[PDB]
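> Here we go, the starting part of the complex in its complex frame:
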Amino acid sequence: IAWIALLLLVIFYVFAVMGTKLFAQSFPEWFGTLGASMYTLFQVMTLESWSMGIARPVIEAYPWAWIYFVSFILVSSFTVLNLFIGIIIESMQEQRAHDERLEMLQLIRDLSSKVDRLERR
């Protein structure tokens, strides 16, 4: 589970600062600082007015961003789907048989040499 939440809370951080690089000059509403690039991306993440409210409007300026928004969403929904489903899995549902065998082998090397040793005789 929470071995993905590090990935995610860097993705969040990663994308945010591109958006703050790109947009703050013309959408300081949403992207002037991390302080709301987070909010924004949090909201984008959430799928309330991501396109019509944020993106379509971002894109009237920068078609550069078309993907920023589609990309972020796919990834965001995946790396949550991935973590979300890693709590149905890691909530609901072998090397004491390498230790069984890899001495059961040492038991047959012991026998094959305690037979080979009973051979010279």
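Cool, the structure landed. Numbers count the residues shown, from 1 in each chain, chains lettered A, B, ... in the order given.
> pretty sure residue A:50 contacts residue A:73?
Yes: counting by Cβ atoms under 8 Å, residue A:50 touches residue A:73, with 7.0 Å between them. Where you see a C-beta, it was placed from the backbone N, CA and C, and this is true even at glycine.
> Find the residues that touch each one of the two.
Taking Cβ atoms under 8 Å, 6 or more residues apart in numbering as the criterion, residue A:50 and residue A:73 both touch residue A:44.
> The lengthiest helix in chain A: what's the following helix or strand?
Criterion DSSP state H: the longest helix present in chain A is helix A:65-85. Downstream of helix A:65-85, the next assigned helix or strand under DSSP states H and E is helix A:89-92.
> Off-centre distance for that next one?
17 Å (Cα atoms, centre = their mean, to the nearest Å).
> Buried by neighbour count: which residues of that helix qualify?
Within helix A:89-92, no residue counts as buried by 16 or more other Cβ atoms under 10 Å.
> Next: stretch A:111-118.
The neighbour-count check on stretch A:111-118 (16+ other Cβ under 10 Å) flags nothing as buried.
> In PDB, could you pull the C-alpha coordinates for it?
Taking Å, rounded to 0.1, in the frame of the first residue of the first chain, the C-alpha atoms of stretch A:111-118 are listed here in PDB:
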ATOM      1  CA  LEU A 111      23.600 -40.400   1.300                       C
ATOM      2  CA  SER A 112      25.200 -40.500  -2.100                       C
ATOM      3  CA  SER A 113      28.600 -40.100  -0.300                       C
ATOM      4  CA  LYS A 114      27.700 -42.500   2.500                       C
ATOM      5  CA  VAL A 115      27.100 -45.000  -0.300                       C
ATOM      6  CA  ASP A 116      30.000 -43.800  -2.400                       C
ATOM      7  CA  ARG A 117      32.000 -44.100   0.900                       C
ATOM      8  CA  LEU A 118      30.700 -47.600   1.400                       C
END
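> can you give me the offset of that stretch from its chain's centre?
Centroid displacement of stretch A:111-118 relative to its chain, using Cα atoms, centre = their mean, is 55 Å.
> Also stretch A:54-70?
In terms of Cα atoms, centre = their mean, the centre of stretch A:54-70 is found 24 Å from the chain centre.
> and then chain B:
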Amino acid sequence: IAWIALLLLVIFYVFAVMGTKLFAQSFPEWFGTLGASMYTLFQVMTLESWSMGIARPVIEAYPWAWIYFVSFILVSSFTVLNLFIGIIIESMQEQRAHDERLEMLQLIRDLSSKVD
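Placing chain B onto the earlier chains gives this:
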């Protein structure tokens, strides 16, 4: 399952009355009484126009609410995720191999003690 729905339907109640303390000064639309602080939070909970419709606007006035909304949502989605997943779990839900080998070993010590 429903041992969480008590927690949830207090969280709902909890957050609502802060919001009615805070906002039902300047957003009596949404937060003047519980009567729509519930609705509002229900809608916030639901993620239809939570930010753009409610929060961003709440926050144009009070930036201390910034978190109220983000906090509520995280918790809300969790304590539903927790209860939701407590109905996949609370709806749905060997030594033979070791025995086969750990006497197959005792069979080869038996054989290897075939000695003079």
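> Go back to the buried residues of stretch A:111-118, now with chain B?
By neighbour count on 16 or more other Cβ atoms under 10 Å in any protein chain shown, the buried set for stretch A:111-118 is residue A:111.
> Give me the residues contacting that stretch.
Applying Cβ atoms under 8 Å, 6 or more residues apart in numbering or on different chains, the contact partners of stretch A:111-118 are B:108, B:111, B:112, B:115.
> The longest helix of chain A and chain B, are they touching?
Yes: using Cβ under 8 Å from any Cβ of the partner chain, a contact is recorded between helix A:65-85 and chain B, made by residue A:84.
> where does that helix sit relative to the chain's centre, distance-wise?
10 Å.
> Can you list the buried residues in that helix?
Residues A:65, A:68, A:69, A:72, A:73, A:76, A:79, A:80, A:83 are the ones in helix A:65-85 that count as buried (16+ other Cβ under 10 Å).
> Now do the second one against chain B, distance only.
Separation of residue A:68 from chain B (Cβ to the nearest Cβ, to the nearest Å) stands at 18 Å.
> My guess is that residue contacts residue A:19. True?
Yes: using Cβ under 8 Å as the test, residue A:68 is close enough to residue A:19 to be in contact (6.8 Å).
> Three-state assignment for residue A:97, please.
Put simply, residue A:97 is coil when judged by DSSP: H, G, I helix; E, B strand; the rest coil.
> Quick check: chain neighbours aside, which residue is closest to it?
Nearest non-adjacent residue to residue A:97, counting by Cβ to Cβ, 6 or more residues apart in numbering or on different chains: residue B:97, 6.6 Å away.
> In chain A, mark out all the helices, start to finish.
Per DSSP H, chain A carries helices over the ranges A:5-22, A:28-31, A:34-46, A:56-61, A:65-85, A:89-92, A:101-116.
> which helices and strands sit right next to the longest one?
Going back to what we said before, that points to helix A:65-85. Contact analysis of helix A:65-85 by 3 or more Cβ pairs under 8 Å, 6 or more residues apart in numbering or on different chains; DSSP states H and E lists helix A:5-22, helix A:34-46, helix A:56-61 as its packing neighbours.
> if you compare those helices, which one is most tucked away?
Of the helices and strands packed on helix A:65-85, the one with the most neighbours on average (mean count of other Cβ atoms under 10 Å in any protein chain shown) is helix A:34-46, at a mean of 21.
> mind adding chain C? sequence follows:
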Amino acid sequence: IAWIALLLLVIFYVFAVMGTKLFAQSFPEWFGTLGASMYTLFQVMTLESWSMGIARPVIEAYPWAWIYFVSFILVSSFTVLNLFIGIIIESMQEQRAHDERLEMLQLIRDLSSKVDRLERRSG
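So that you can see how it sits with the rest, here is chain C on the chains above:
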């Protein structure tokens, strides 16, 4: 699974015609006929502008409806949650190892009798 989709596609039908009784007076946009009471409820079901777009506005007129919308949503999301989860359940819910071993045993009863042979008939 589909023993609930009858319940659901009656709930849909049920609620719609109350809404068409109630509202297709004053919200014939959304509730004038089933033809968009369905759409509307489908959209309400979907949680795009259910409140701000449909309900808060329905309710400026009829506070009667406050619940219509909250009630429908709870039930709707449930009787889908119920059917949705009835396709994780009604979709979902070590032999070669016992054939490896249970002749590897027959190989060692073979050896312990191919030695019971020849220690004994050697010396």
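> Take the buried residues of stretch A:111-118 again, chain C included.
Buried-residue list, stretch A:111-118, by 16+ other Cβ under 10 Å: A:111, A:115.
> hmm, back to that, would the longest helix of chain A count as contacting chain C?
No: on the criterion Cβ under 8 Å from any Cβ, helix A:65-85 is out of touch with chain C, staying 10.9 Å away.
> That helix vs helix B:65-85, what angle?
50 degrees (axes from the mean of the first three to the mean of the last three Cα atoms, to 10 degrees).
> And for helix A:65-85, what's in contact with it?
Residues outside helix A:65-85 that contact it (Cβ under 8 Å, 6+ apart) are A:1, A:4-5, A:7-8, A:11, A:15, A:18-19, A:22-23, A:41, A:44-45, A:47, A:50-51, A:54-55, A:58-59, B:81.
> go with 7 Å
A:1, A:4-5, A:7-8, A:11, A:15, A:19, A:22, A:41, A:44-45, A:50, A:55, A:58-59 (Cβ atoms under 7 Å, 6 or more residues apart in numbering or on different chains).
> Any figure for the gap between residue A:43 and chain C?
Residue A:43 sits 15 Å away from chain C, going by Cβ to the nearest Cβ.
> what does residue A:2 give?
Noted for residue A:2: a distance of 23 Å to chain C, by Cβ to the nearest Cβ.
> how deep is that residue tucked in, by neighbour count?
Neighbourhood size, residue A:2 [other Cβ atoms under 10 Å in any protein chain shown]: 10.
> what's residue A:44 in contact with, if anything?
Residue A:44 sits next to A:50, A:54, A:69, A:72, A:73 when contact means Cβ under 7 Å, 6+ apart.
> For the second one, which residues are in contact?
Same thing as residue A:54. A:30, A:40, A:44.
> List just the nearest of these to chain C.
residue A:44 (16.1 Å; Cβ to the nearest Cβ).
> about what we covered before: from the contacts of residue A:44, pick the one nearest chain C.
Nearest to chain C, judged by Cβ to the nearest Cβ, of those is residue A:50 at 12.1 Å.
> count of neighbours near that closest one?
21.
> go on, residue A:64?
Neighbours of residue A:64 under the rule other Cβ under 10 Å: 11.
> Need phi/psi at it.
Residue A:64 adopts backbone torsions of phi -40, psi -50, taken as degrees, to the nearest 10.
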